[PDB]
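**Q** Below is the structure I would like to discuss, written out as structure tokens.
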Amino acid sequence: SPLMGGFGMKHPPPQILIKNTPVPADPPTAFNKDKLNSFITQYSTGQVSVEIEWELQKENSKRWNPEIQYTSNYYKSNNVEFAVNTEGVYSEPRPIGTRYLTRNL
Amino acid sequence: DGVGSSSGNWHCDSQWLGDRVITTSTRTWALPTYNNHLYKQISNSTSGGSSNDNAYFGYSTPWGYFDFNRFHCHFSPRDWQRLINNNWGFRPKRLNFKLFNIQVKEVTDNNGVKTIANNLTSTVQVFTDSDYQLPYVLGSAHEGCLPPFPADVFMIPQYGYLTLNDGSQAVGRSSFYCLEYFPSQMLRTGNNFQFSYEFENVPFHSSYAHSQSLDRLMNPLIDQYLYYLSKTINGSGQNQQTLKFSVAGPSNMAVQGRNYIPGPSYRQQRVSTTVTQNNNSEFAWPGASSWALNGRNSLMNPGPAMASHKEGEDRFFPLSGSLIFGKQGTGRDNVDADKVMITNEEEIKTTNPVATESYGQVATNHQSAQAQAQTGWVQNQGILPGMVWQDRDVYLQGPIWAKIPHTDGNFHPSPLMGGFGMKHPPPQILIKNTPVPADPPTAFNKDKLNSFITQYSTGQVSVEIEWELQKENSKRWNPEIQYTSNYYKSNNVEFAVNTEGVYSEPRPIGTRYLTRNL
Amino acid sequence: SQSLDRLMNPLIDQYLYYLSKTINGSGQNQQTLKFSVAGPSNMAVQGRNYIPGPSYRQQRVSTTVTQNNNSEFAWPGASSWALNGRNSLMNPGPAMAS
């Protein structure tokens with residue numbers, strides 16, 4: 001199990017590598033054997049989509065009293081947590097774990 | 001297809017099957033306009049040449065050509081290492097070639113600043129000389145091949161050819177070829193070009209070194225049933241002449257009868273890399289071995305496949321007997337010995353004579369009571385029955401094939417620079433940007449147009465070659481010699497890029513590391 | 001329409017080198033190796049894969065009689081081969097340029 005947290009796999013999702021194909025500038029009219037070092041300045045943009053299906057393990061606890069749950073605080077604040085600021089900057093105000101429900105040992 | 005759709009993918013990989021290896025390489029190329037769309041007569045007069053030996057006549061064409069006649073264009077260093085360490089031989093079988101992702105650009109200069117834009121309607125013309133109707137220039141070790149490093153972008157070399165010459169002038173038998181007199185496919189940005197070629201049957205290249213010498217093939221424990229003349233006089237004075245004979249055995253192997261003899265020779269001058277062992281005079285051209293054709297002297301270079309040096313004599317080389325490669329960044333003219341890589345053919349010393357020695361000695365008179373027996377050094381020896389020899393080894397950066405000249409006769413047409421000789425080698429692939437005239441005058445003028453839009457083209461080129469392998473079945477007990485990298489620490493990894501991204505090949509790599517009996 | 005020594009591309013250098021100098025140009029102790037690219041400017045030193053065919057040298061005779069030597073040189077000056085002690089003229093011999 002990865003020490004930083006997560007799922008350890010011998011064959012994880014493969015690395016996806018992307019590069020802009022070089023586009024040479026105008027070459028000299030006389031042959032030169034050296035590799036070209038004059039290229040048209042280029043960059044690329046586009047959209048990327050990733051879809052992941054997750055399997056869930058439902059809880060079947062017989063605990064009587066209510067569990068601890070992650071919840072936002074109703075108390076008034078200048079900004080909504082996990083939202084944008086007045087300058088459009090998105091922020092994550094706190095780390096959120098996964099361990100709120102309980103089960104016996 | 002269309003402007004916005006790629007006409008091909010990047011294929012660059014090596015697939016190793018049992019008896020076959022398939023190499024695929026893709027490169028990005030750039031093609032400018034050559035000679036401003038013109039054909040030009042060229043000669044030593046146009047280039048300022050003066051010597052008779054270097055006089056020529058020919059034409060320079062506006063066409064470029066694709067060349068992949070070097071092994072590193074297809075084999076990575078690791079693939080080459082696998083091939084040479086695991087196989088006794090190999091040969092090309094078939095070829096697949098592709099041109100795709102054509103991009104034609106137009107260049108406009110206003111004032112000291114150039115603007116580059118796409119010209120979607122312009123075309124590039126490509127055709128293959130499948131009938132071998134044009135002079136073949138791929139048989140010479142010319143620059144301009146696909147780079148060994150896949151990431152390098154290379155410039156397409158300009159196509160030129162030579163014909164018969166008398167000094168700087170031509171003769172009636174000289175031929176002029178127009179490449180527009182050939183059918184060629186015209187490709188816009190959406191089109192692609194491809195063809196397949198089948199290599200004609202060639203022998204497997206000898207990627208092995210003999211573990212036996214031609215003069216040591218006998219049983220070292222058993223005498224021969226043949227005799228030799230051991231004495232002629234009467235030992236321990238006058239009138240002492242008496243014939244003698246002895247059995248040729250292990251104690252005297254030099255005089256044993258043998259069925260086969262080493263291959264031909266043409267002696268080279270010997271040069272030391274220790275400069276103070278050489279003569280204090282200018283002996284390059286003068287001291288060199290040469291051959292003459294129609295009054296022109298051409299250097300014997302590299303010449304017959306001969307052992308570069310005697311055992312232990314590694315400091316010496318034949319003056320023009322070996323392929324010389326230049327290290328990365330080496331200059332063009334008058335570079336030092338440490339800037340070049342001198343190949344050697346010491347592996348063939350078991351069957352081929354030493355380049356800097358006489359073939360042997362031959363009797364030159366009839367001995368008698370008045371005349372002592374005389375012998376003469378055989379400085380060159382032609383083919384004789386019973387001769388055996390090994391051809392020159394091929395290298396990672398060396399040539400692959402060559403076209404056998406169309407002549408009435410030839411003997412062992414293996415290219416002297418190394419590789420596979422073929423009557424019908426892979427055809428020349430010629431490429432040119434179609435001229436795009438500028439705005440013509442509004443009044444008719446019969447002269448050919450000389451104002452064209454400045455253009456160049458770029459795209460990807462892929463070549464796939466299937467190689468047949470000859471596996472080794474040796475019964476040798478001790479481990480073989482293998483090509484290996486050195487573990488010792490260094491500033492850079494061999495056959496890798498530097499801190500400036502420059503790829504370099506630090507040494508020539510042969511193919512002869514495994515061994516087999518003679 | 002082409003000569004064996006002129007089969008290369010007259011526009012492109014070879015990727016092979018040659019020893020251009022041996023001394024130290026412009027004295028004693030002047031020995032230093034040198035190498036240069038074989039290209040269109042020096043075609044004679046370029047590497048080549050094939051070489052001209054065999055030879056057996058003939059004597060040269062002019063049809064301008066006053067350019068020939070003032071002696072009898074037909075049989076004596078001729079190239080020959082020997083078989084069982086008999087000499088037979090090398091005639092016409094190997095195919096060679098006249």
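If you're wondering about the labels, chains in the structure tokens are A, B, ... by order shown, residues count from 1 in each chain, ligands from 1 in order shown.
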Near chain A, meaning an atom within 10 Å, which residues of chain B appear when counting only C-alpha atoms? Write them as an MDAnalysis selection string.

**A** chainID B and resid 28:36 64 103 105:107 114:116 143:145 147 151:158 329 454:460 502

**Q** At most 9 Å is the cut-off: for each residue in chain C with any atom that close to an atom of chain B, write down the nearest atom pair and the distance in Å rounded to one decimal, counting only C-alpha atoms, chain first then increasing number, as JSON lines.

**A**
```
{"residue": "C:1", "atom": "CA", "partner": "B:174", "partner_atom": "CA", "distance": 5.6}
{"residue": "C:2", "atom": "CA", "partner": "B:163", "partner_atom": "CA", "distance": 4.8}
{"residue": "C:3", "atom": "CA", "partner": "B:164", "partner_atom": "CA", "distance": 6.3}
{"residue": "C:4", "atom": "CA", "partner": "B:293", "partner_atom": "CA", "distance": 8.1}
{"residue": "C:5", "atom": "CA", "partner": "B:298", "partner_atom": "CA", "distance": 6.9}
{"residue": "C:6", "atom": "CA", "partner": "B:162", "partner_atom": "CA", "distance": 6.1}
{"residue": "C:7", "atom": "CA", "partner": "B:137", "partner_atom": "CA", "distance": 6.4}
{"residue": "C:8", "atom": "CA", "partner": "B:137", "partner_atom": "CA", "distance": 5.3}
{"residue": "C:9", "atom": "CA", "partner": "B:160", "partner_atom": "CA", "distance": 5.2}
{"residue": "C:10", "atom": "CA", "partner": "B:160", "partner_atom": "CA", "distance": 5.9}
{"residue": "C:11", "atom": "CA", "partner": "B:160", "partner_atom": "CA", "distance": 6.1}
{"residue": "C:12", "atom": "CA", "partner": "B:142", "partner_atom": "CA", "distance": 6.1}
{"residue": "C:13", "atom": "CA", "partner": "B:142", "partner_atom": "CA", "distance": 5.6}
{"residue": "C:14", "atom": "CA", "partner": "B:142", "partner_atom": "CA", "distance": 3.9}
{"residue": "C:15", "atom": "CA", "partner": "B:143", "partner_atom": "CA", "distance": 5.4}
{"residue": "C:16", "atom": "CA", "partner": "B:325", "partner_atom": "CA", "distance": 5.2}
{"residue": "C:17", "atom": "CA", "partner": "B:324", "partner_atom": "CA", "distance": 5.0}
{"residue": "C:18", "atom": "CA", "partner": "B:324", "partner_atom": "CA", "distance": 6.9}
{"residue": "C:19", "atom": "CA", "partner": "B:284", "partner_atom": "CA", "distance": 6.7}
{"residue": "C:20", "atom": "CA", "partner": "B:334", "partner_atom": "CA", "distance": 6.4}
{"residue": "C:21", "atom": "CA", "partner": "B:284", "partner_atom": "CA", "distance": 6.5}
{"residue": "C:22", "atom": "CA", "partner": "B:282", "partner_atom": "CA", "distance": 6.1}
{"residue": "C:23", "atom": "CA", "partner": "B:282", "partner_atom": "CA", "distance": 6.1}
{"residue": "C:25", "atom": "CA", "partner": "B:282", "partner_atom": "CA", "distance": 8.8}
{"residue": "C:28", "atom": "CA", "partner": "B:280", "partner_atom": "CA", "distance": 7.5}
{"residue": "C:29", "atom": "CA", "partner": "B:280", "partner_atom": "CA", "distance": 7.0}
{"residue": "C:30", "atom": "CA", "partner": "B:280", "partner_atom": "CA", "distance": 6.4}
{"residue": "C:31", "atom": "CA", "partner": "B:275", "partner_atom": "CA", "distance": 5.4}
{"residue": "C:32", "atom": "CA", "partner": "B:275", "partner_atom": "CA", "distance": 5.7}
{"residue": "C:33", "atom": "CA", "partner": "B:337", "partner_atom": "CA", "distance": 6.0}
{"residue": "C:34", "atom": "CA", "partner": "B:336", "partner_atom": "CA", "distance": 5.0}
{"residue": "C:35", "atom": "CA", "partner": "B:334", "partner_atom": "CA", "distance": 4.8}
{"residue": "C:36", "atom": "CA", "partner": "B:333", "partner_atom": "CA", "distance": 4.3}
{"residue": "C:37", "atom": "CA", "partner": "B:332", "partner_atom": "CA", "distance": 5.2}
{"residue": "C:38", "atom": "CA", "partner": "B:332", "partner_atom": "CA", "distance": 8.7}
{"residue": "C:39", "atom": "CA", "partner": "B:142", "partner_atom": "CA", "distance": 8.6}
{"residue": "C:40", "atom": "CA", "partner": "B:54", "partner_atom": "CA", "distance": 8.3}
{"residue": "C:41", "atom": "CA", "partner": "B:49", "partner_atom": "CA", "distance": 7.0}
{"residue": "C:42", "atom": "CA", "partner": "B:54", "partner_atom": "CA", "distance": 5.8}
{"residue": "C:43", "atom": "CA", "partner": "B:54", "partner_atom": "CA", "distance": 5.3}
{"residue": "C:44", "atom": "CA", "partner": "B:298", "partner_atom": "CA", "distance": 4.5}
{"residue": "C:45", "atom": "CA", "partner": "B:299", "partner_atom": "CA", "distance": 5.0}
{"residue": "C:46", "atom": "CA", "partner": "B:301", "partner_atom": "CA", "distance": 7.0}
{"residue": "C:47", "atom": "CA", "partner": "B:301", "partner_atom": "CA", "distance": 5.1}
{"residue": "C:48", "atom": "CA", "partner": "B:301", "partner_atom": "CA", "distance": 6.4}
{"residue": "C:49", "atom": "CA", "partner": "B:416", "partner_atom": "CA", "distance": 4.2}
{"residue": "C:50", "atom": "CA", "partner": "B:416", "partner_atom": "CA", "distance": 6.2}
{"residue": "C:51", "atom": "CA", "partner": "B:291", "partner_atom": "CA", "distance": 8.1}
{"residue": "C:52", "atom": "CA", "partner": "B:293", "partner_atom": "CA", "distance": 7.3}
{"residue": "C:53", "atom": "CA", "partner": "B:410", "partner_atom": "CA", "distance": 7.9}
{"residue": "C:54", "atom": "CA", "partner": "B:382", "partner_atom": "CA", "distance": 8.8}
{"residue": "C:97", "atom": "CA", "partner": "B:294", "partner_atom": "CA", "distance": 7.9}
```

**Q** Identify, with DSSP run on backbone atoms, the residues in region 3-147 of chain B assigned to strand (DSSP E), and express the list as a ChimeraX atom specification.

**A** /B:13-16,20-31,40-43,57-66,87-109,114-118,124-128

**Q** Quick one: distance from CA of residue 485 (chain B) to CA of residue 20 (chain B) in Å, one decimal?

**A**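 CA of residue 20 (chain B) lies at a distance of 24.9 Å from CA of residue 485 (chain B).
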
**Q** Choose the residue, out of A:104, A:17, A:80, A:87, that has the smallest atom-to-atom separation from residue 60 (chain A); count only C-alpha atoms.

**A**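 Residue with the minimum atom-to-atom distance to residue 60 (chain A): A:104.
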
**Q** Grab the CA of residue 393 (chain B) to CA of residue 420 (chain B) distance for me, in Å with one decimal place.

**A**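 Between these atoms lies a distance of 10.8 Å.
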
**Q** How many Å separate CA of residue 206 (chain B) from CA of residue 486 (chain B)?

**A**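 Distance reported for this atom pair: 25.5 Å.
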
**Q** Find the spatial neighbours of residue 90 (chain C), counting only C-alpha atoms, within a cut-off of 9 Å - ignore same-chain residues fewer than 3 positions away - and output them as a PyMOL selection string.

**A** chain C and resi 56+58+78-81+93-94

**Q** Would you mind listing what lies within 12 Å of residue 94 (chain A) as an MDAnalysis selection string, with only C-alpha atoms counted and same-chain residues fewer than 4 positions away left out?

**A** chainID A and resid 70 72 81:82

**Q** Got time to write the residues from that selection, N, CA and C atoms, as a tab-separated table (two decimals), in the first residue's frame?

**A**
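Output file selection-v8.tsv follows:
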```tsv
chain	number	residue	atom	x	y	z
A	70	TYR	N	-19.05	14.31	8.10
A	70	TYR	CA	-18.47	15.56	7.62
A	70	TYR	C	-19.58	16.51	7.22
A	72	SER	N	-20.55	20.95	6.51
A	72	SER	CA	-20.20	22.36	6.48
A	72	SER	C	-20.80	23.07	7.68
A	81	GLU	N	-17.13	27.88	1.72
A	81	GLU	CA	-16.04	26.92	1.67
A	81	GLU	C	-16.13	26.08	0.40
A	82	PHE	N	-14.97	25.82	-0.21
A	82	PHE	CA	-14.89	25.10	-1.48
A	82	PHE	C	-15.67	25.83	-2.58
```

**Q** Would you list the contacts of residue 505 (chain B) as a list in words, taking every protein, DNA or RNA residue within 9 Å and counting only C-alpha atoms, but skipping same-chain residues closer than 2 positions in sequence?

**A** residues 148, 327, 328, 397, 494, 495, 496, 503, 507 and 508 of chain B

**Q** For the selection just defined, write its residues with C-alpha atoms to a file, as an mmCIF file, in the first residue's frame.

**A**
```cif
data_model
loop_
_atom_site.group_PDB
_atom_site.id
_atom_site.type_symbol
_atom_site.label_atom_id
_atom_site.label_comp_id
_atom_site.auth_asym_id
_atom_site.auth_seq_id
_atom_site.Cartn_x
_atom_site.Cartn_y
_atom_site.Cartn_z
ATOM 1 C CA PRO B 148 20.322 8.002 -35.789
ATOM 2 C CA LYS B 327 33.101 12.168 -34.037
ATOM 3 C CA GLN B 328 30.194 14.441 -33.172
ATOM 4 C CA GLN B 397 26.972 4.088 -38.608
ATOM 5 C CA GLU B 494 27.375 6.581 -24.140
ATOM 6 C CA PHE B 495 24.959 6.810 -27.086
ATOM 7 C CA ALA B 496 22.844 9.452 -25.353
ATOM 8 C CA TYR B 503 23.260 13.126 -29.582
ATOM 9 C CA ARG B 507 32.657 4.691 -31.131
ATOM 10 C CA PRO B 508 32.051 2.562 -34.230
#
```
